[PDB]
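Here's a solo chain for you in C-alpha cells, the form deposited in one PDB entry.
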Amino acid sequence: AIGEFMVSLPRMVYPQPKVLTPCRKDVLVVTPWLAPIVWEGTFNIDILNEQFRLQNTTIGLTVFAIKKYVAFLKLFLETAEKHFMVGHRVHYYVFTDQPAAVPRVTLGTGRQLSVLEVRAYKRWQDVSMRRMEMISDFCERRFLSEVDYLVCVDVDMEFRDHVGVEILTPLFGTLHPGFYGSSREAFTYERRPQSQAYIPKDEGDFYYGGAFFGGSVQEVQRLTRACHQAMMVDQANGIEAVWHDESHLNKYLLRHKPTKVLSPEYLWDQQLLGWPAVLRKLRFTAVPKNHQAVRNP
C-alpha cells in the first residue's frame, strides 16, 4: 500500500553516512527542487528494501509488444525476473495485439503477469504515442486496485543489473542517455509553438526518455491522461510532436517536476554510447534493432 502505515525498521548494522564526504564527486545527485537523482553510490538498498517491504509494496510494470515487437518479450521478461524488484511483489502488464505470441516465462514467487489485448496502429509513431491513452485507460480497470506504483517502459530492452525500489516515488522520469551531458538548447524538445509539447529554448531542466517513467498510480494516471489529451489537441491541429510521446512527457515533467530522477544507468544504449566512467552500472539497456524492418510489415 502507499501513504505510510506506521511501522518501525528493525535494528540494522551498516556503514555510517559521511556528512563531510560527497557520495559522488562526478555527478549531480539532487535536482534544484530537491529530488534525488538516482546513481549507484547514492543509496543503501538494504535500508530501502526494508522500508518498501514493510509497506507491502506492489510494483506494476507496463510494457507494450505490438506487431513485430512481440519478439522482444522473452528477453525483456527473463531479464526482468533476474533484476527488477526482486523480493517485492510484481505485476507485469503486457499490452499486445497478439496474446498467443506472449512467451511462457517462468516467474518467481509473488510475481504475476497479465496479458491485456489492445489494437495495433499502423504507424510506429502512433503505436508509441497511444501507450499514454492505453496506460491511462487501465488505471481504473486494474492498476488502482492492484498495484502501488507503476513503471512504464519500452520493450526493446533488457535488464542487465539491479532495478529496484530505489526508483519508487510519486513521480519519476529518467535521463535520456543521448542528452544527459547536453546543454538545454541541444535537447530535442518540440520547438514549434503550434504544438502542445512546445518548450522554448531558454526552458528545460533535463531531457527525459519516453522509454522509462513511472510513479504512484495516481501520478501516472495524471501524466498519461495529460499527455494523451495534449496529443489529441495536436492531432486536431494537424501537428505531431517531433519525438511523439517523449516530447509530451518532457513538457509534462517540465511543468510538474518529478520527485526522483533516474540517471542514465536506468536507460542506456551500449552500442551507441559505450560504457563511460560515469556509469558504474548499466542496468536497463537497448537491444539492437533495425527500425525500418521491425516497425513495418
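Definition used throughout: the rigid core is the maximal C-alpha set that superposes within 1.5 Å between two forms. The first residue of the shown sequence is 1; numbering continues from there.
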| query | finding |
| --- | --- |
| Residue stretch of maximal mean CA temperature factor, 259-267 vs 233-241 | 233-241 |
| Stretch with the greater mean C-alpha B-factor as recorded in the entry, comparing 107-115 against 134-142 | 134-142 |
| Candidate residues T31, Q55, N49, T62, the one whose C-alpha B factor the record puts highest | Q55 |
| Largest Cα B-factor, entry values, listed residues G209, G215, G87, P200 | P200 |
| Record-listed C-alpha B factor of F72: chain third | middle |
| Cα B factor band for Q194 (lowest, middle or highest third within the chain) | highest |
| Ranked C-alpha temperature factor of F172 among modelled chain residues, by third | lowest |
| Third of chain Cα B-factors occupied by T224 | lowest |
| Among modelled residues of the same chain, the CA temperature factor third for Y180 | middle |
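Omitted from view is the form deposited in another entry, to which the following refers.
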item	value
Which of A120, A71, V86, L107 is displaced between this form and the one not shown by 2 angstroms or more at its C-alpha, rigid core aligned	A120
Core fit, then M132 C-alpha moves 2 Å or more between this form and the one not shown	no
Direction of the Cα shift between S128 and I239 in the other entry, where the change is 3 Å or more	closer
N237 and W124, C-alpha gap in the other entry relative to this structure (3 Å or more)	closer
